[PDB]
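Residue-level structure breakdown
Spelled out from the first residue to the last, the chains are:
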Amino acid sequence: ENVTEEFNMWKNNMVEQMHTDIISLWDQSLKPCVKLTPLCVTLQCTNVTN
Amino acid sequence: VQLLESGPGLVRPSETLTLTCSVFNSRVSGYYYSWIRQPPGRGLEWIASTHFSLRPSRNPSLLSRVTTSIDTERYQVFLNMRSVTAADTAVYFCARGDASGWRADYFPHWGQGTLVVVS
Amino acid sequence: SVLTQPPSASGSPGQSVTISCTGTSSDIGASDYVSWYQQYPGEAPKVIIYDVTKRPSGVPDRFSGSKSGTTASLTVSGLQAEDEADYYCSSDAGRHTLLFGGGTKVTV
Amino acid sequence: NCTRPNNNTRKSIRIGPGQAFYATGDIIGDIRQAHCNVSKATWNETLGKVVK
Ligand SMILES: *[C@@H]1O[C@H](CO)[C@@H](O[C@@H]2O[C@H](CO)[C@@H](O[C@@H]3O[C@H](CO)[C@@H](O)[C@H](O[C@H]4O[C@H](CO)[C@@H](O)[C@H](O)[C@@H]4O)[C@@H]3O)[C@H](O)[C@H]2NC(C)=O)[C@H](O)[C@H]1NC(C)=O
Ligand SMILES: *[C@@H]1O[C@H](CO)[C@@H](O[C@@H]2O[C@H](CO)[C@@H](O)[C@H](O)[C@H]2NC(C)=O)[C@H](O)[C@H]1NC(C)=O
Ligand SMILES: *[C@@H]1O[C@H](CO)[C@@H](O[C@@H]2O[C@H](CO)[C@@H](O)[C@H](O)[C@H]2NC(C)=O)[C@H](O)[C@H]1NC(C)=O
Ligand SMILES: *[C@@H]1O[C@H](CO)[C@@H](O[C@@H]2O[C@H](CO)[C@@H](O)[C@H](O)[C@H]2NC(C)=O)[C@H](O)[C@H]1NC(C)=O
Ligand SMILES: *[C@@H]1O[C@H](CO)[C@@H](O)[C@H](O)[C@H]1NC(C)=O
Ligand SMILES: *[C@@H]1O[C@H](CO)[C@@H](O)[C@H](O)[C@H]1NC(C)=O
Ligand SMILES: *[C@@H]1O[C@H](CO)[C@@H](O)[C@H](O)[C@H]1NC(C)=O
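The PDB entry lists chain B under the name IgG EPTC112 Fab fragment heavy chain, with Homo sapiens given as the organism. The deposited PDB record carries the title "cryo-EM structure of BG505 SOSIP.664 HIV-1 Env trimer in complex with bNAbs EPTC112 and 3BNC117".

With the PDB entry as reference, chain A is termed Envelope glycoprotein gp160, source organism Human immunodeficiency virus 1.

Structural data, given as structure tokens:
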């Protein structure tokens, strides 16, 4: 009570840390699993229905 | 969808049957395709049923010689039954299931049919 | 042909005809997959009743199915001069195996 | 409400020791367009409030 804090939402550091933490969590969960780079070959494609 | 059926004339007592019905405006995949047969007097006994990616079924009374398959590039289906006898001569229809693609109980679409008299 | 039907039935215009299709407990009493077909002498059959009590789109609603125990019944009410055709009953007998009936030729 | 009407089948392909690639076998039934539904009246009220 009796208090008035001066807030600003466009210059807080929580958003930057949340962004970099979400990016880091996204990156570290793609390490163990399969690396698909024999799939860059010459494909031959046709229509699925005719 | 149109089902156009074809079979070779009259068959010898020991020559095998090869039946094929081309599909038009359909994928020949994701749909159950079945064969039904009726003798001239009375009939409508079903031979076999096929699917591309699900388990087929065969008639126990004819399971011995039913070797049916499908072709995706040319959109065809082949009965290819063998060990024929003179007593099974009859007319054949090929049909497909409803838009659901997983039910082989009732067959809305049908085809013209073929004679396939046994000599 | 485990499923059997009476060989034929008849009546008069504006009357109702009931056709019975019978089978063993393992055949019809296992599931609700019961169907009825009609065919003209020169044409291929078409589905009239599917899943015992359902009908396809764009057909007259003068047909029905009761699933009376292990026997199914088809009723035609207000038949006309062009409703003369054979009626076949089919049912599922496990492992996607269907069993048909002997048919019922309705004449008037 | 968003929906994907297609009924896919996934197929697994072995590309090496302990390495698996998950392709698509086929589609059962009809091929239909994925889509999302919104209610017209509620969107009209929301747009009116936003304009105000
Ligand atoms: C997506 O496209 C792929 C690629 O086309 C397709 O898979 C291919 O399907 C065809 C037809 O089912 C396969 O071709 C057959 O392969 C077998 C086994 O090698 C052969 O024995 C066959 O030849 C005999 O049978 C023919 C038909 O009875 C006869 O006409 C012929 O003379 C022979 O007697 C036939 O060549 C092909 O192998 C596959 N390819 C792969 C890589 O799997 C697939 O079906 C398509 N899927 C969809 C949903 O469209
Ligand atoms: C998509 O297709 C599959 C078939 O691969 C359907 O799976 C069947 O669903 C019924 C309904 O409960 C079950 O009784 C079957 O046992 C399932 N498996 C089969 C038939 O192999 C699935 O229902 C389809 N999806 C939708 C939304 O209909
Ligand atoms: C989303 O909206 C569409 C469009 O109204 C709905 O699609 C209708 O579904 C009913 C029930 O199958 C059909 O009788 C209508 O013909 C469909 N509309 C059209 C324009 O074809 C759909 O059901 C809604 N809900 C979803 C997709 O979850
Ligand atoms: C989107 O989906 C929801 C949930 O399925 C629909 O909500 C249903 O609305 C009807 C009346 O319109 C109720 O009888 C149902 O009970 C509701 N569903 C549930 C699970 O309670 C909604 O109608 C759909 N369409 C929208 C939101 O446009
Ligand atoms: C400050 O807070 C106290 C506690 O609620 C309250 O009694 C007091 O009146 C407040 N000060 C003013 C100036 O209102
Ligand atoms: C396949 O799709 C392409 C692209 O829409 C179209 O031009 C062609 O006519 C289709 N049919 C073929 C290649 O047989
Ligand atoms: C929204 O609703 C109001 C009042 O019903 C109407 O005047 C207006 O035209 C509507 N907006 C649109 C885009 O239809």
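Once you've had a look at it, read on.
**Notes on the state of the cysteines**
Across all of its chains, the model carries 3 disulfides over all chains by this definition. Between the sulfur atoms of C2 of chain D and its disulfide partner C36 of chain D the distance amounts to 2.0 Å. Looking along the S-S bond of the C2 of chain D-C36 of chain D disulfide, the torsion reads about 110°, which is the right-handed sense. Of this pair, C2 of chain D sits in strand β1 (residues 2-3) while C36 of chain D sits in strand β4 (residues 35-36); the two residues are 34 residues apart in sequence, bridging distant segments of the chain. Judged by its relative accessible area of 49%, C36 of chain D is partly exposed. Left without a disulfide partner, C33 of chain A is nearest to the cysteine sulfur of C40 of chain A, which lies 19 Å away. For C33 of chain A, a relative accessible area of 48% gives the class partly exposed. Assessed through its relative accessible area of 73%, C40 of chain A is described here as exposed.

**With respect to the sheet that holds strand β8 (residues 91-96) of chain B**
All names here are of chain B. Spatial ordering of the open sheet is given by β5-β4-β3-β8, a layout of 4 strands whose pairing is antiparallel. Strands with a single pairing partner mark the edges of an open sheet, and in this sheet they are β5 (57-58) and β8. Two strands pair when backbone bridges link them, and strand β4 (residues 45-50) and β5 are joined in this way by 2 bridges, in the antiparallel orientation. Across the sheet, residue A48 finds its bridge partner in β5, namely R58.

What counts and how
- Residues numbered from 1 in each chain as written, not as in the entry; some residues may be left out.
- Chains lettered and ligands numbered in written order.
- Part of a larger assembly, values for the part shown.
- Heavy atoms only, no water.
- Residues with missing side-chain atoms left out of burial classes, pairs and counts.
- Disulfide = S-S within 2.5 Å.
- Helix = DSSP H or I, 4+ residues; strand = E, 2+ residues; numbered from the N terminus.
- Buried < 20%, exposed > 50% of the residue type's maximum accessible area, 1.4 Å probe, protein only.
- Pairing = 2+ DSSP bridges.

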